[PDB]
J.: 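This is the structure, below, for whatever I ask next.
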Amino acid sequence: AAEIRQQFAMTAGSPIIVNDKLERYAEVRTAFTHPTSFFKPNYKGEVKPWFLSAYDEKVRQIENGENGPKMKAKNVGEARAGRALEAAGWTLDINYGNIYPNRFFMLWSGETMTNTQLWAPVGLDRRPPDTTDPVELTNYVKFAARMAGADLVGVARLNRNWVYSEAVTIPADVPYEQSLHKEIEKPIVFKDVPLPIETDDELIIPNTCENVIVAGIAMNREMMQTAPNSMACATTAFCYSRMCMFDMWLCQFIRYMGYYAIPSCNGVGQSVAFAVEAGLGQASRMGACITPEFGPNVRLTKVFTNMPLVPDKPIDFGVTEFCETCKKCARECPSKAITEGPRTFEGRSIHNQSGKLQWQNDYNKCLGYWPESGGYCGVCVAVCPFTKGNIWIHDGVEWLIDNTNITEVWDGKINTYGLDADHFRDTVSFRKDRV
Amino acid sequence: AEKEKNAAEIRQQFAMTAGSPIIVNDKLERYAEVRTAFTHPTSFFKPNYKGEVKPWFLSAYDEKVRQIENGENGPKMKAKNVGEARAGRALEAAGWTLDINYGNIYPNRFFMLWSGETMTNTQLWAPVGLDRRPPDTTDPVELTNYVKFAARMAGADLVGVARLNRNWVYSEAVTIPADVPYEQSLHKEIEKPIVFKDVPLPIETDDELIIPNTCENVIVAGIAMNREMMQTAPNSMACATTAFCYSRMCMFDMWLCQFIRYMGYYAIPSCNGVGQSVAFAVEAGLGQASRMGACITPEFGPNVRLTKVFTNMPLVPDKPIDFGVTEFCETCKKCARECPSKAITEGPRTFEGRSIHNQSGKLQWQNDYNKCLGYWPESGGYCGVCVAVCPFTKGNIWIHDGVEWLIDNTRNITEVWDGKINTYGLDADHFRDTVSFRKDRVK
Ligand code: SF4
Ligand code: SF4
Ligand code: SF4
Ligand code: SF4
């Protein structure tokens, strides 16, 4: 896997092609939050917040002994178990994605955390850094990242084009039980200040915030292959909580090294663009970052920091050319959300950011399928050739890409965090591949 | 030819018939948690390197600070430079992010809630009613398979089930009143009885922590530490793998408790609180007790952390295992010889506690745990030399002789930072050993 990555390393420079129309994107425009897409009917035809209508379908499926849309479970007990596993997975995640910045788990300073308080006498977060060498810092922080649950880790300079212009958040003193009903918009701005700070009016990231560290958190292949049914939902959910723990662990490490760190999970900016710039993978037709190790079957989170670091090289292992002819996700998508046409700089709707060259998908169609199916779908991820274990072959001199139920999952292979020992060697790391 | 390792085969070979293997007599009473060296007034205070008497972890902090300033990764162990010393301690500190006051011991506080009702996840999911709907599965065989699958998703490297032996549940917990904020927690610790009563649900009153009489089972998880890091004991990287695994324990408990609740049962998390993990682990078949006092497992030796969840969910208990640990420990004594505090006995097992920190009435090697704790401020960490030098901690201890499996009786920090690592510090060279199919989850 390390050989594959070195082989497809490209020269420095963001591979995302942009034009002069590109503007930063307000987070409220995503299909999850925008008022034009937020409300969906349930199976009874009642208009509700999309996730409430989706809950109605989960209840309906459990009652009827189903694991998904038109997918009968072995029995009601099995149906129940899948949704219990899904719901439990989300334990360390707020309101599907931890997007409110500097709230709950996503604090921009460590000062009030119980861990920081307990460790205060050592003064690790107050002491000036003892290492400023970006080479050594990159090795340290990547080692820490792996301890913190990343299966992949990369570094990029922070491209502000992918930072949301405005965040969706809640007022600071609103407790959790009012959060869903009191969501607001708040600008994210860059200023000459020493530390990340939030005011009544603004989320302020310092101009010194040079870098972004991006983590890939691998999902389980067997469970995702059940998309759009419940076990796909469960591997999705568990990985969101793994993302949260990753962000908290790594931000604390960085702070204890004498720098600042901003967590994000699904908030603050666009993870796919950061991941491509940090060399985890390449953008794809479906819109995900496709990695050599996992294809698109991997979640992303990221941490922003002033810690000096060595940016990784972007990687090009031919995804763009492959997606050009493939279109399997587009054909299998249950909502016809994914385009079969060519890449353009023009967004198909409010949910897309115009001004960058990408495949333009209709993401309101995608979200529409979630209440209908009672899950987070994932069919595109499941059917992508890159998701399958072996797409890689060797032609004698260099690596190249090859041209060509749920009861069973519960009774089948599993290992810690859903990782697969058959492939786990692919993410082994020594100093040579960290920096 | 070398037999491909089969960890499941190994466990089958050494499976015992049913019955708690811990030998006890009439001396045995439940143990008050306040008696542990961490909490007992006789041991909680330790001098620092200036001879100032402080809480043990504060004296240990003084030594970490001194070491960083002196460019050291441990007692009389020079680091590459001050930056490396700093990094080890930053890693250690960060590892503890999801753990309260070194162990999460206060029951029904912070992360260790005995009910899910107030958790943000529960509130978010409330309209589905998973925590209100009666169980759809009561078959212990299916439940055992479901809950073990969930346990692996939740980060357990090992999982086992036992009937709950109340002998190992603390008579009284250490906790804080419910109106005390975190900042005052260490100042305001109290004792509170853990009692069993005829109630539908785990509940806490002003006077008591009440576990229902229906709380039949304990689920025990092993959380694997990283071998390379632990073998730097007593230096900083051993402290770091210890720390990260405590946060993994916490995540495990919360994940699994929520799964069980959403299956229509109740679940009590614990991490280092509520009861004695090693006893539960032995009874749930994760491994065997040892001279040093830890549960030694076939997969990781003693280099594995433990947590446990208590529940009324019907389950199939696992069988205890005997792969010869007791007999090896009788003749080995390596941990005893290498222990920097001489805390571990070189003598035979007895039923009589060495001091207040030991629970009398059960046959075990009796160690002086006040001596152990005393070395922690001296070394500026959580030591772990015993775990590091234990032959069972070594990676390739199992061999096959053509007939059966057996133990192969043949048995710096810059390099660790520059060396092999993988997700959560797990090792792909061995990760196949914890693969699981239905057959090894339930008979
Ligand atoms: S399914 Fe085919 S077109 Fe779609 S993202 Fe994967 S490789 Fe690209
Ligand atoms: S998640 Fe499902 S509906 Fe959405 S784009 Fe992928 S295949 Fe289509
Ligand atoms: S070092 Fe030897 S005596 Fe001590 S626990 Fe390990 S096997 Fe037993
Ligand atoms: S942790 Fe260290 S001091 Fe304590 S028993 Fe083990 S070797 Fe001895």
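The chains referred to below are lettered A, B, ... by the order of the sequence lines, with proteins before strands, and numbering in each begins at 1. Values below: all heavy atoms of this structure, side chains included; hydrogens, waters and symmetry mates excluded. First listed ligand is number 1; within each ligand, the first listed atom is number 1.
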J.: Is it the case that the side chain of A:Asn361 and the backbone of A:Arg285 share a donor-acceptor pair, with hydrogens and angles ignored and the cut-off at 3.5 Å?
T.: yes

J.: Would you call B:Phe328 a ligand 3 contact, heavy-atom distance under 4.0 Å?
T.: no

J.: Ignoring hydrogens and geometry, is there a side-chain-to-backbone donor-acceptor pair from B:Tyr31 to B:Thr36 under 3.5 Å?
T.: yes

J.: Around atom 6 (Fe) of ligand 2, how many protein N, O or S atoms are there at under 2.8 Å?
T.: 1

J.: Do B:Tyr246 and B:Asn272 have side-chain atoms, one donor and one acceptor, less than 3.5 Å apart?
T.: yes

J.: Is there a side-chain contact between B:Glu330 and B:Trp365, using heavy atoms and a 4.5 Å cut-off?
T.: yes

J.: One pair to check against salt bridge (charged side-chain N to carboxylate O under 4.0 Å, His left out): A:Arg331 and A:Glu340. What are the steps and the verdict?
T.: CA-CA 8 Å; A:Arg331 288 187 293 258; A:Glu340 284 192 37; 5.3 Å; no

J.: Do B:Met230 and B:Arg227 touch side chain to side chain, with heavy atoms closer than 4.5 Å?
T.: no

J.: Which residue and atom name correspond to the protein heavy atom nearest atom 3 (S) of ligand 3, and how close is it?
T.: B:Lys333 N, 3.3 Å

J.: Which ligand 3 atoms does B:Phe392 reach within 4.0 Å, using its non-hydrogen atoms?
T.: 7 (S)

J.: Please report which non-hydrogen protein atom sits nearest to atom 8 (Fe) of ligand 3, along with the residue it belongs to and the distance in Å to one decimal place.
T.: B:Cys329 SG, 2.3 Å

J.: Considering the heavy atoms of B:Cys332, write down every atom of ligand 3 situated less than 4.0 Å from one of them.
T.: 1 (S), 2 (Fe), 3 (S), 7 (S)

J.: When you measure from atom 6 (Fe) of ligand 3 to the N, O or S atoms of B:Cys390, does any of those distances fall below 2.8 Å?
T.: yes

J.: If you take the centroid of each ring, where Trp contributes its six-membered ring, are A:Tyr96 and A:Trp370 closer together than 6.0 Å?
T.: no

J.: Would B:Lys64 count as a cation-pi partner of B:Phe57, with NZ or CZ less than 6.0 Å from the six-membered ring centre and within 45° of the ring normal?
T.: no

J.: Under 4.0 Å from a heavy atom of B:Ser290: give me the atoms of ligand 3 that qualify, with their elements.
T.: 5 (S)

J.: Is A:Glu372 paired with A:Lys40 through a side-chain N to carboxylate O contact shorter than 4.0 Å?
T.: no

